[PDB]
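Every heavy atom of this structure was used, including side-chain atoms; hydrogens, water molecules and symmetry mates were not. Convention: sequence-line order gives letters A, B, ...; per-chain numbering from 1. Numbering of ligands and ligand atoms starts at 1, following listing order.
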Protein chains: 2
Amino acid sequence: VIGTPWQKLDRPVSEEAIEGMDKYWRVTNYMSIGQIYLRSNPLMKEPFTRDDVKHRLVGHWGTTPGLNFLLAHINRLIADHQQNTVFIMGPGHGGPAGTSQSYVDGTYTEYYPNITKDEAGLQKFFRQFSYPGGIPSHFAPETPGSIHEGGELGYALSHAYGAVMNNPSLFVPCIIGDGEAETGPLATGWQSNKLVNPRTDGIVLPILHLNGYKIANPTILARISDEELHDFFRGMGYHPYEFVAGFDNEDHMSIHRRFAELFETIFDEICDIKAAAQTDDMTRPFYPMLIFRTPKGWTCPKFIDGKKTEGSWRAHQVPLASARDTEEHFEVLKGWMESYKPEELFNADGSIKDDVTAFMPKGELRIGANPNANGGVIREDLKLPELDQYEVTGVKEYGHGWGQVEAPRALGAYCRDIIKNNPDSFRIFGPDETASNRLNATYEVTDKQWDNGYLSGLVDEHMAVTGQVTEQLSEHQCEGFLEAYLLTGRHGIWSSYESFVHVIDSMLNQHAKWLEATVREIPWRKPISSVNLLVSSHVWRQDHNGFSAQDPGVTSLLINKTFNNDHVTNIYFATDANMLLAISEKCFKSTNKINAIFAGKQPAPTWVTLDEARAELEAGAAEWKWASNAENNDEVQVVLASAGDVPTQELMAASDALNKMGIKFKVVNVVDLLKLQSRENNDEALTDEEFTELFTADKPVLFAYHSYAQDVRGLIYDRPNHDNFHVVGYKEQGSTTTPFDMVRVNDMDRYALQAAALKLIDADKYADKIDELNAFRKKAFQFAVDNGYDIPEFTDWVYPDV
Amino acid sequence: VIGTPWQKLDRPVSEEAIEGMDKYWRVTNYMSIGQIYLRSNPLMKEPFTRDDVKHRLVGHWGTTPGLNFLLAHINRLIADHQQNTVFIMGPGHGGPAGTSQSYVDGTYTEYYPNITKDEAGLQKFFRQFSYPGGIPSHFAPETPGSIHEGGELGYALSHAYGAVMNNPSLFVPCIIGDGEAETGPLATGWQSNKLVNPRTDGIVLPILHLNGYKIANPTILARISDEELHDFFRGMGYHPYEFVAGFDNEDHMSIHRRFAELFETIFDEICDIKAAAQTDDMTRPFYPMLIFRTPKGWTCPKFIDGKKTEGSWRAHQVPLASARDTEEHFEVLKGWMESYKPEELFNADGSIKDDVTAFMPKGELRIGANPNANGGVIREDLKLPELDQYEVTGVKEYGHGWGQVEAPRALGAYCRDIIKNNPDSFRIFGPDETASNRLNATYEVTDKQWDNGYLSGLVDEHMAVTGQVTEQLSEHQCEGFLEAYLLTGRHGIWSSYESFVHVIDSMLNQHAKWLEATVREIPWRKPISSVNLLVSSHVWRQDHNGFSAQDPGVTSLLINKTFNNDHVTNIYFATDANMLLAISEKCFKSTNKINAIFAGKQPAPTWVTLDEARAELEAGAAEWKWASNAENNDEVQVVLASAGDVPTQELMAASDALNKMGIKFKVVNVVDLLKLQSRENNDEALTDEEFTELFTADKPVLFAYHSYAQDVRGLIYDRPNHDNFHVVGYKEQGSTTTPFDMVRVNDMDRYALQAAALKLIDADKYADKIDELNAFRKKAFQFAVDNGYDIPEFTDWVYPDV
Ligand SMILES: Cc1ncc(C[n+]2csc(CCOP(=O)(O)OP(=O)(O)O)c2C)c(N)n1
Ligand SMILES: Cc1ncc(C[n+]2csc(CCOP(=O)(O)OP(=O)(O)O)c2C)c(N)n1
Ligand SMILES: [Mg+2]
Ligand SMILES: [Mg+2]
């Protein structure tokens, strides 16, 4: 247990704590301006001149003194209450507030021994911010206390709420930009309080950093009337409190006392809500939220060159852009830095004075040190059930290609028993699609957690106020809740209809970038569990929906995060349920990855045994010798290769026909896509030798690909024999139609694959047969048109091994 | 002017209109069930049997009878008030409601002459829904009355609001799913009422289709308390009204009268708001919104096999899935269809009776016929100013590579004069980034439209209650407002920081799919203006931000919509301002496209004259003969090729060094990326002959690419000489650093390009020089580290022609 969770003070905040908070605020404002402006001379020792100012002024002052003031008060709160706490910096461009926090709490020097607590360390701390060879502009993963960089705005609240799930002792004050609040993801984020339980989950306190402005505009929320603003948050299930400071001549000490008192009233109400939830965990309370309204750029000069800067969008980036170039800008910088009175905050050796930090929390309650902000320190391996009990044994008993199994059903039974073994640290998310993607075997041991109105057992099923599945119709919520759940040391999976995964393409990008920085250069930030995404209800079988739901191209996005041997991204094609089981075990064991697991949910053949899936997954691509009819590679007229359940089914049917014509070929299945890249681009891929062994040195290769052929063509550009691959993929053809028609219109059906194989071998010799196959595809289509269902010879085909 | 806009009735709704609305509701429910279930015998003529039921039951009943009831009342409203109206079907899976609407209003038969108004047409209308060779499951672009398919949920409100911009006579009732309302994009969509003006824009009426459920869960908004729900909409600036029906034994006629009365009160208030805005266009009113609460699946059987179906998520997809296979399901289907009493609604010939549609609007007020739902019918070419006046003439006067121009500034001056010439039909959108991306010359003739609080001329600048620029910190709002603005016949552009474009990747996918269906097979849906997206503040020069803001991969998404010679997608690299001008003119003239226009906003060289840009843009790729030093292609030791402003600058500097070493080469610039594809994949690309002419038959090609090298490798896979291209692209390396460092870490800087060129020509001979170049890159880096700015020999270089 960290600290003493949800304890009230029962006395006023001490005047000593008010004094330290003002000193914190002044020292973090001062060091924040130092990080932005100063390359040397951090204490302004004589001579202090323009030569000390950075040549390239980059950074964001505007948000920063607001963050610094909140951080003083959140630090004071943590310490007085001993409260386990992670904050979220929505406006992550306020990096200097976050580095200053860690430098003051002592974690910066603990993690970065060269940045010491004295004048030399402070000079280095100022210079390195946003500087070549130094550190980033934002609250990046390399800053102690970050689980959220806030570079791409919008995810503050899904992360805050994912962090408190199953984390009942954790408090998360979540600082949200008022511009950030104009984004879609942030706006739906407010509703998460219907999806957490105040007894079994922790508590988020949204703090709206209502500073009036974004980059070059006021914000929507700051300019609506106060009655609308309060109604809005009340309507989303919060008790709104509002603080206003900085707009008049109120002295700073008075402002600190009034905020501290307010913040104690808010926390008292959170403690009452927590105590009450021990007895009534079914009534959803109105959680407090804080409207925090202060001038943007607070404490900077009011006017610069006749333009209002404090209390304006003009404070957003870098005031006094000429600080190095004109004595006029320099003098204003100098008076601004002096207004904090650093001579009272730093000792002669340049260390921050003891009376500046005596109010701060210590040890693992420090914001930089808490293990929830470095969740790999808390993470334990899942207790995984034995995979063998889930195997589809129909392949072993009856033959390759047996049965009509819905593949994700085996993964659902497996996830069911993972939750049973790990009952408060593995969660499932779904955007109203968990049952639709066939993961509902999980409801045998848990419920969809819903903390909002109930009506009747006639409609409410597999749903309770507490449980380990969470659904909301929002891919942004699902992805963001899960990320933070992982970042705080836990595990899970979510599932999505495949074309809708693109809603969160840019979230996958940010979390891949977080992983990239971390695996490269932040070894103190320990491995977290991987994002595991079941990508199902795919392009080939969107039976109730249509062309709008046909887009497997998240493959292509993910290919753009496969650099530097980072190995943070995996694309897997689950050929059947036994391959799906083998992939899922690997993904559930992996760390520091995004794993995209493609699988069809339609009734389909099972091709491999589980032991075969385990060996084939490890190689990445495998020959299916029991399907090939060629002696060796020299005897091969064509390589039949596929990735995806549907392309595989169709290729396999094509191989059966080609066998029957006396064509010689081998069958290669591809599961781990990126293992096709060259060793030069991927030091864990197939060696050129294993790759030639699979695909031959010079025979034609027909490659039936689940997604866009572009992907495979780009990946194998420097592989031996690449000029002989003919990649057939999805080509933006389809509609609401039968399963044969969907593969037909993309030249993916067995008949078109058989034809392409013939074309590659001898187009002249096979002209007539190709014609007959093209004509059969028209007959099969007409049959679907006339009759309402696909031609039996298509639907009824089973691989000859069964 | 369409109809008589914003007129009140001043009498009750007639009892005749109530009677017709009930008949409409019954006939559209009946035909909706017919579309889902029946392959033949639409009037249930003896014998009516299971043989008449479809073999594959696909579709969505649940939302549909709610849509049908709203559509009856919206039709009644249009007719009584003669009100110019487009509706939005948020729950676009309710396609049958939308096809039924067009079939009843007469537009279906007008557009589809084979689907006639009689028993034969009705049989064909039922069979073709969601059927091979037939029509889609959703409210697709092929349905008259659609500007919004609603397949991917979330964009209902941005589209409704983009539609009414500059459209002061248009009324848009916007039907929103209660599950859809859980998405991020929908949730921020409610706030658009701060960004429209009630005098110069039209009016949206949000209607929340509060049916209690999404696919397999209740919805958040339906289960919160009524006080929270009303506070929420009041807080977002609406006057909420709430209608509740269907949960008890109230007779349908009474329900219609109570709704009609309510809907007249709402419209009266909209008319008062419109009249008032003629005098006070500065006070933002509280626009009505409608909470519409009715049972999901309304009018279907209450229980099926002991399970509650009406008033449940169970009504979502297809009730009675065994209708063809069991006499028990069949009998329930039969009684359900009979409950609408079709014998009263259809004549013996199968035509819909006159008393069913006498209340309907006529002519161009019909929902299927209104030209706003087919905006290409309204669209006119922009009055474009002459491009020559914007040219950067420094190239002509001083030489290729002259100056320090910020390229989008020329596009801003051009957009300024386009708004001046087309003052109410060209809009600019930006997610708080219009000025940041340098398009602010537009503010010389118009303002950012802001209909929310004002404070002071000290902070409010270039902002008024009416104007042709719209900003909100949300890429979803910007993209969705613009799409509908285009779909209703108008024009514009938006701009985005490049990595944040990925927020709306899935919106680009949907609009590309809308364009694909339209160019292929809906010739009555006339061309609309193109989406024009200035993609700037790019991966190479995100000076104040960092690794998080470094992602040029929307190129890769767009490559997945380049099929079938649809030609709906363009990727352009603006080499400089004069190329940007030539691209922009072309995009502003184009129709039926998404145009992604890449340009840097940093100070940069101008390479080509405007006349040169115009010729080079048309070819797609061009040799720069004045930069090449080789006689002919046989004399060429390496092809120096680039796409992007930054890669071009660095390649050019490399060419200067290579010239000075006596290396022979040609320089090729690439602007229209997809023109690199083969003719087989793109019938408008460079022919193999023009391509070989540019890139040679067999010399090595160094290709410096702005985005991920994957893209170019996949595109040129079947081109002559592709094996000799070495593509250098962005490789997930960078941080907050100097401009040289950013190109350095990706091997993109001039020195690394010079080295790669040498390596490709003779690695052995040039070993030492390569080493010296790699060492110079380290020295330049160290210099940035030590000094705070890049080495002058790097920054101060100007191409020798100046
Ligand atoms: C999704 C997204 N779009 C655009 C941006 C560009 N951007 C970086 S900061 C900023 C303004 C943020 O304003 P606000 O949230 O009010 O933060 P403040 O500095 O006022 O605290 C913008 C638009 C972004 N970071 N993320
Ligand atoms: C962005 C997105 N995610 C997921 C889906 C999958 N989906 C299609 S309909 C639906 C439920 C919609 O419920 P609601 O909006 O309440 O509409 P209803 O049928 O109740 O009117 C879902 C989740 C989608 N269409 N779009
Ligand atoms: Mg702000
Ligand atoms: Mg609903």
Checklist outcome for this item: For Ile36(B) and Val58(B), the nearest pair of non-hydrogen atoms, with its separation, is CG2-O, 4.1 Å
Suppose I only count heavy atoms of [X] and a 4.0 Å limit; which atoms of ligand 2 are within that range?
X         : value
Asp178(B) : 15 (O), 16 (O)
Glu475(A) : 1 (C), 2 (C), 3 (N), 4 (C)
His316(B) : 9 (S), 11 (C), 19 (O)
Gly177(B) : 15 (O)
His93(B)  : 9 (S), 17 (O), 18 (P), 19 (O)
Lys296(B) : 18 (P), 19 (O), 20 (O)

Hey, does [X] sit under 4.0 Å from ligand 2 if you only count heavy atoms?
X         : value
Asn211(B) : yes
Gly151(B) : yes
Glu182(B) : no
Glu433(A) : yes

Is it the case that the side chains of [Y] and [X] hold a donor-acceptor pair, with the cut-off being a distance below 3.5 Å and no angle test?
X         : Y         : answer
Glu152(A) : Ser506(A) : yes
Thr63(B)  : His93(B)  : no
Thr434(A) : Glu471(A) : yes
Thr183(A) : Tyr155(A) : no
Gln477(A) : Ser192(A) : yes
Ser495(A) : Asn437(A) : yes
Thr188(A) : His476(A) : no

Is it the case that ligand 2 has an N or O less than 3.5 angstrom from some N or O of [X]?
X         : answer
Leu153(B) : yes
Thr63(B)  : yes
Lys214(B) : no
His209(B) : no

Item to check | From the candidates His60(B), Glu152(B), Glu180(B), the one that places a heavy atom nearest atom 15 (O) of ligand 2 | outcome: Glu180(B)
Checklist outcome for this item: Of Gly90(B), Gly154(B), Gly179(B), the one whose closest heavy atom lies nearest atom 14 (P) of ligand 2 is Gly179(B)
I'd like to know if [X] and [Y] make a salt bridge, using a cut-off of under 4.0 Å between side-chain N and carboxylate O.
X         : Y         : answer
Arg314(B) : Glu461(A) : yes
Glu242(B) : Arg293(B) : yes
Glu310(A) : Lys296(A) : no

Checklist entry - Quick one: which of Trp61(B), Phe129(B), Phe139(B) gives a side-chain contact (heavy atoms from CB on, under 4.5 Å) with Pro96(B)? => result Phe129(B)
Item to check | Residue and atom name of the nearest protein heavy atom (relative to atom 24 (C) of ligand 2), distance in Å to one decimal | outcome: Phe500(A) CE1, 3.3 Å
Item to check | Top protein contact for atom 22 (C) of ligand 2, by heavy-atom distance | outcome: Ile215(B) CD1, 3.3 Å
Checklist entry - Can an N, O or S atom be found in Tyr213(A) less than 2.8 Å away from the Mg ion (ligand 3)? => result yes
Item to check | Whether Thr63(A) has an N, O or S atom under 2.8 Å from the Mg ion (ligand 3) | outcome: no
Checklist entry - With a cut-off of 2.8 Å, does any N, O or S atom of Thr219(B) fall short of it relative to the Mg ion (ligand 4)? => result no
Checklist entry - Does the ring centre of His544(B) sit less than 6.0 Å away from the ring centre of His138(A)? => result no
Next on the checklist: As a test of reading the structure, name the N/O/S atom of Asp178(B) that is nearest the Mg ion (ligand 4).
Outcome noted: OD1
